[PDB]
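Shown below, as structure tokens, is a lone chain in the form solved without the DNA; questions about how it binds or moves come after it.
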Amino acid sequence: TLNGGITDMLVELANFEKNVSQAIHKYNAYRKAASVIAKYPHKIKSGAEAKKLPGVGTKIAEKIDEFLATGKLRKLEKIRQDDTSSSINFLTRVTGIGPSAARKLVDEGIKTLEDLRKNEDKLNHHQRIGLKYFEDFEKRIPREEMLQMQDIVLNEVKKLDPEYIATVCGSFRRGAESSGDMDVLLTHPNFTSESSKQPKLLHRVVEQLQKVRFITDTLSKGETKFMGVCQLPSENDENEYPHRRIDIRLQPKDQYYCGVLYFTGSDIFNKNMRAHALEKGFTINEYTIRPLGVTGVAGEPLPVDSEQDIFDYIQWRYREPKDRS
């Protein structure tokens, strides 16, 4: 280009006056300056040459002049900041606050982490702890620490009851050098899809994990899923281990490996695996795999005793989790 940087700036400016301002006659103005400058066959070197062109006003020349000196524009910086549909996506980075809540805070004035902490009365318990450990929850968890966390969790589970099965899933299970959090899939032969719902099989693990000081906060304690906060034991060291997000999911025995498969995923891998079951005439859920007919009529859930059965069913060779990108 000769003037791309100017027209880019100008069009973005224009779309603000139509989207956000609904001041449509400044849209039309900014557009005019884009078209002419875009048709002007020389490289603009300052704002006054533009002001000549029958569409670049003083204020636009006033705008263009800034862009060619710094390499940026102050007007567009704060507009990119104050976007309602981008400030909503930063508030959702706090656990507990979905877009539902994120909408509820932004147009009421609160849109920043400082302003979130300027009005804690407007946010529930889950959201408050999420807001408190926010920076910690930003951090990655090195594999080293994941391996330690796994030790604690898996040792406590086995001690409680040999019949419990616990698998740490997610990118960790795919052998990733770092993780965002920990997600434990847990089952017990007393809990099946036909059986009567058994919240204490989950409760007992969570409580033991609190007893040994690994679990430090509860965000969400359900009947089949726990969401909370956890922390490695230190001794006493400058900035000890940061607080980590942990989830524990209790699944029915007969639906467990479908769960492990799903939660170990990779998103992309799960999609590709599901499309493929579908090509072979099977449907895969995080709970079951079933024959699928002609129409979307699904049949009876097939027996799964391992991740391997599911691969067998859809005619794939087993994939190591490490190879599930």
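From 1 onward, residues are counted along the sequence shown.
Another form, the form solved in complex with the DNA, is not on view; read the next lines as being about it.
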Among the candidates 213, 204, 143, 225, the residue which, in the entry with it bound, approaches the DNA to within 4.5 Å (heavy atoms): 225
Option touching the DNA, based on a heavy atom within 4.5 Å in the entry with it bound, out of 219, 106, 149, 131: 219
Partner proximity in the entry with it bound: residue 75 to the DNA, non-hydrogen atom cutoff 4.5 Å: no
Partner proximity in the entry with it bound: residue 85 to the DNA, non-hydrogen atom cutoff 4.5 Å: no
The DNA contact at residue 95 in the entry with it bound, heavy atom, 4.5 Å: yes
Close approach of residue 117 to the DNA in the entry with it bound, 4.5 Å, heavy atom: no
Segment that reaches the DNA in the entry with it bound - one of 75-83, 107-115, 231-239, 120-128, heavy atoms within 4.5 Å: 120-128
All of 17, 89 and 319 with a heavy atom within 4.5 Å of the DNA in the entry with it bound: no
In the entry with it bound: members of 25-54 within 4.5 Å of the DNA, any heavy atom: 31
